[PDB]
2 protein chains.
Amino acid sequence: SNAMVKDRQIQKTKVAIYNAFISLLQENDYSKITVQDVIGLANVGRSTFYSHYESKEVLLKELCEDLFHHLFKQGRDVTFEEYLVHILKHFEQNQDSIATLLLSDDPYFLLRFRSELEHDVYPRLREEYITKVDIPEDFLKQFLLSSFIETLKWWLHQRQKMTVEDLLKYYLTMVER
Amino acid sequence: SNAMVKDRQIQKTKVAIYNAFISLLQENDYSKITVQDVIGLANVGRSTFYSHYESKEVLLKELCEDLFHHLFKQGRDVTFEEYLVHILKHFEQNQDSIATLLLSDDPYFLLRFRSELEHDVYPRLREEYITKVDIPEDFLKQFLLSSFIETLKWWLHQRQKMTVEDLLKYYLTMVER
Ligand code: NI
Ligand code: NI
């Protein structure tokens with residue numbers, strides 16, 4: 001219909017902003033970009049942006065929300081380490097600036113990300129790779145999660161990076177117990 | 001000896017500021033500190049503060065050469081483990097505000113610190129505790145250093161900290177591959 005077409009048009013403009021925000025997050029810190037940057041790409045004016053997004057803050061939120069739903073909140077039937085590999089797969093191509101988001105140190109992205117790791121990566125990592133029990137649980141939790149995040153950051157700064165499977169390997173052997 | 005008297009007054013003023021700077025670092029962190037606050041505590045004039053230190057940076061500099069010379073490059077006749085106990089012992093007590101520098105996240109301290117581990121802790125840690133060329137060196141090095149620094153940071157953010165003995169032990173039985 002004639003409302004069918006206007007809808008299809010508000011849906012394409014919402015995506016333009018979304019995609020603009022991502023492309024700009026490839027070159028800049030979240031703290032460093034401004035709504036005018038976001039328009040200058042989206043080609044949609046100040047008034048309409050604010051009709052979809054209360055502020056820049058809900059793009060980060062939405063984005064993350066999306067990025068983390070695709071990484072973890074999958075019921076995609078695979079082995080634990082296929083699951084790890086897929087996660088790492090996204091980082092190495094910087095699927096939607098996810099790498100740049102992590103390397104930027106944006107405190108908010110680093111927070112919600114560490115929290116997903118706690119819910120969907122740690123419990124399996126624990127039960128499946130750590131066999132002994134002479135190291136307390138909290139030290140375990142902290143050493144494991146933090147060394148995962150740090151292995152990952154280091155790999156992303158690497159100009160010549162190992163295959164995701166090599167890194168997943170060298171990490172799992174480093175921590176297994 | 002009135003030039004001997006003059007030197008003596010210079011010296012007393014200089015450490016008087018240096019001590020104040022350390023004191024302010026116990027709570028507030030480096031970036032949030034001013035000449036006002038240092039001189040208020042050191043009970044000194046702004047003109048005199050400046051004939052001693054170009055700025056609050058040359059203080060951070062000097063404080064840093066001091067702490068590491070002490071922590072690391074000491075030719076004390078101890079075994080590698082005693083050595084690390086002494087380093088951990090400093091952070092446990094916040095000796096010269098050192099625990100607070102680290103937890104402050106200040107680029108300058110952190111950068112200098114890491115560089116010192118790299119040079120004085122990593123070589124022995126890896127030789128003494130790693131007996132498996134199963135893993136490539138660079139990966140090995142990145143992983144040990146980050147695990148140390150973060151286990152350090154983690155321990156320090158603890159409400160009821162564990163003993164430096166338990167920490168070093170759990171750390172070491174964790175990387176020992
Ligand atoms: Ni995918
Ligand atoms: Ni000492």
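All ligand and atom numbering here is 1-based and tracks the order in the structure. Throughout, protein chains are lettered first and strands after them, A, B, ... in sequence-line order, and every chain is numbered starting at 1. Side chains are part of it too, since the values below use all heavy atoms of this structure and drop only hydrogens, waters and symmetry mates.
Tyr129(A) and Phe80(A) have tilted rings, their planes meeting at an angle from 30° to 60° on a 0 to 90° scale. Under the 30°/60° scheme for interplanar angles, the aromatic rings of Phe91(A) and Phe113(A) are found to be tilted. Below 30°, between 30° and 60°, or above 60°: for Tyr53(A) and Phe49(A) the angle between ring planes is between 30° and 60°, a tilted geometry.
Taking a 6.0 Å sphere around NE2 of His52(A), one finds it holds more than 12 heavy atoms contributed by other residues, nucleotides or ligands.
Shown here are the protein N/O/S atoms lying under 2.8 Å from the Ni ion (ligand 2), water excluded: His70(B) NE2, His86(B) NE2, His90(B) NE2.
Partners of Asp66(A) according to the salt bridge (charged side-chain N to carboxylate O under 4.0 Å, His left out) rule, which considers only residues two or more places apart in sequence or in another chain, do not exist here.
No donor-acceptor distance shorter than 3.5 angstrom exists from the side chain of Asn2(B) to the backbone of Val5(B), with no hydrogens or angles considered.
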